[PDB]
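Down below is the structure, laid out as structure tokens.
Chains as they are written, first to last, in the deposited numbering: chain A, 53 to 104; chain B, 26 to 155; chain C, 1 to 52; chain D, 105 to 155; chain E, 53 to 104; chain F, 156 to 219; chain G, 208 to 219; chain H, 156 to 207.
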């Protein structure tokens, strides 16, 4: 269970990193709404990670 | 595990039903909009006809068209009012679905936590046996 | 509540036996991929009619 | 003409899904091997370790 | 299973390499669109290869 | 696509992951419990003593 | 990124 | 090509692959274990010594 939670936590961190890259990419793309959405998703992921 | 497992299966099926209801509400909004659009189109056609009637020289027909337009406008107004009431309900449903999605994930996390505590309790029981 | 309590106990007895009976692994994979390989063709047999 | 354009757009929507579904089923072909390999790897250990 | 899936992992690279023929020959026709579709396959095989 | 009750791909992934995770984790965890013994860590030191004293004899034996 | 690789690949 | 799962061209490849892969893998694994044993290696060294 500890390993599974760690894996989930690791996945969340990986997802957050991917999201951060996407958010930066969105700004380059010029889609303001998408970047904002990614930030919101990151917060949710962070909350999940904190809970884990 | 048994109490928790049954609950998870049940919540997912309920969510699908809720989504269908939301779709129906969305469909209803589109239908009302289409009806409203049709009424507007009908009004535009009526306006052209009323102008045509004046050119034709039939005074009564033009007057009748104006009366019809008022009725159409009233229907359109009623449809708009209905749409607004429906829209608020739709927004609430959408908000609930989003909340539900967050909630189901939390429930899965809770089960893992619950499983760990039960295992710890079992270990304590073993000590009593000794 | 008594009917809900009988639902807890009876549905848990039956579902625990079923999930233990049913869930050996290689049965699942080879079914699933065969079912979706059926489904793609079924979808095309729809979509052709509409294209046409 | 109104119907034709609408349903043409809908037909494109169906085709876009088919192209994605052709990926989604390819992924499900692929994983099987790793799953079986993991399963068998574990089953060898499962016998071994108890002794 | 390692030998088998290693052969398949090598064969994913063998596919990437063969799909360079695809992209190169498409460029030798002037078919950028087709070369992009080859590059999508080399990309999806690269993604696959990492997981293996 | 949206994942109706028995959508064959999604439902299969769930049922496989139940086996896949439990078995693999059991084997790693029980393997660490079987490997937990201190005398087995002493067997690593013993292997060090064995290879070093075998080298000392071997280097003398090959030297002539 | 496929265009960037492709334009270099077609360039020679 | 795409209408049915039971077509002869499609089915033959699947049946042949499973049979071929299992046989090849099993034979290779058994052979490697025999080679691994120390006694077999010692005999080979003795043969070389005997030959000179």
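The beta carbon of each residue, even a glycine, is placed where N, CA and C say it ideally should be.
CB-CB length for residue i against residue j, believed under 8 Å
i, j, result
"residue 43/B", "residue 122/B", "6 Å"
"residue 110/B", "residue 64/B", "Incorrect: roughly 18 Å between the Cβ atoms, too far for contact."
"residue 29/C", "residue 136/D", "5 Å"
"residue 54/B", "residue 115/B", "7 Å"
"residue 143/D", "residue 175/F", "7 Å"
"residue 153/D", "residue 185/F", "5 Å"
"residue 47/B", "residue 159/F", "About 15 Å; that fails the 8 Å criterion."
"residue 48/D", "residue 22/C", "Outside the shown range of chain D, which is 105 to 155, sits residue 48/D, and nothing can be said about it."
"residue 60/B", "residue 104/B", "6 Å"
"residue 209/G", "residue 88/E", "5 Å"
"residue 86/E", "residue 216/G", "The Cβ separation is near 13 Å, so there is no contact."
"residue 90/B", "residue 75/B", "4 Å"
"residue 213/G", "residue 84/E", "6 Å"
"residue 149/D", "residue 167/F", "With 8 Å as the limit, residue 149/D and residue 167/F do not qualify as a contact, their Cβ atoms being about 25 Å apart."
"residue 36/C", "residue 189/F", "So it is not a contact: roughly 40 Å between Cβ atoms."
N-terminal and C-terminal residue of the alpha helix (DSSP H) that residue i is part of
i, result
"residue 165/H", "163-191"
"residue 75/E", "54-81"
"residue 44/C", "25-51"
"residue 5/C", "2-22"
"residue 154/D", "106-154"
"residue 160/H", "Where residue 160/H is concerned, there is no enclosing alpha helix (DSSP H), given that its DSSP letter is neither H nor E."
"residue 99/E", "84-103"
"residue 218/G", "Looking at the DSSP string, residue 218/G is not in any alpha helix (DSSP H), and its letter there is neither H nor E."
Check: residue i C-beta below 8 Å from any heavy atom of the ligand MG
i, result
"residue 58/E", "By its list of ligands, the structure shown contains no ligand whatsoever, and the ligand MG lies outside what it can speak to."
Touch test, the stretch 170-187 of chain F against the stretch 15-31 of chain C, Cβ-Cβ under 8 Å, three pairs minimum
yes
To be precise: take each residue of the stretch 61-83 of chain E, compare its Cβ to all Cβ atoms of chain G, and keep it if any distance is under 8 Å. Which residues remain?
75, 76 and 79
Interfacial residues, the stretch 172-185 of chain F to chain D, with Cβ spacing under 8 Å
174, 175, 178, 179, 181, 182 and 185
Give a yes or no on contact between the stretch 68-80 of chain A and the stretch 82-98 of chain B, applying the rule of three or more CB pairs nearer than 8 Å.
no
So if I threshold CB-CB distances at 7 Å, which residues from the stretch 133-152 of chain B count as touching chain A?
134, 137, 140 and 141
Relative to chain D, which residues along the stretch 2-14 of chain C have a C-beta separation below 9 Å, given in chain order?
none
Using a Cβ-Cβ cut-off of less than 9 Å, give me the residues of the stretch 13-34 of chain C that come near chain B, in sequence order.
15, 16 and 19
Short-range partners of chain F found in the stretch 40-57 of chain B, where Cβ spacing is below 7 Å
41
Using a Cβ-Cβ cut-off of less than 7 Å, list which residues of the stretch 188-204 of chain F approach chain D; keep chain order.
Residues of the stretch 188-204 of chain F with a C-beta atom less than 7 Å from some C-beta of chain D are 189, listed in chain order.
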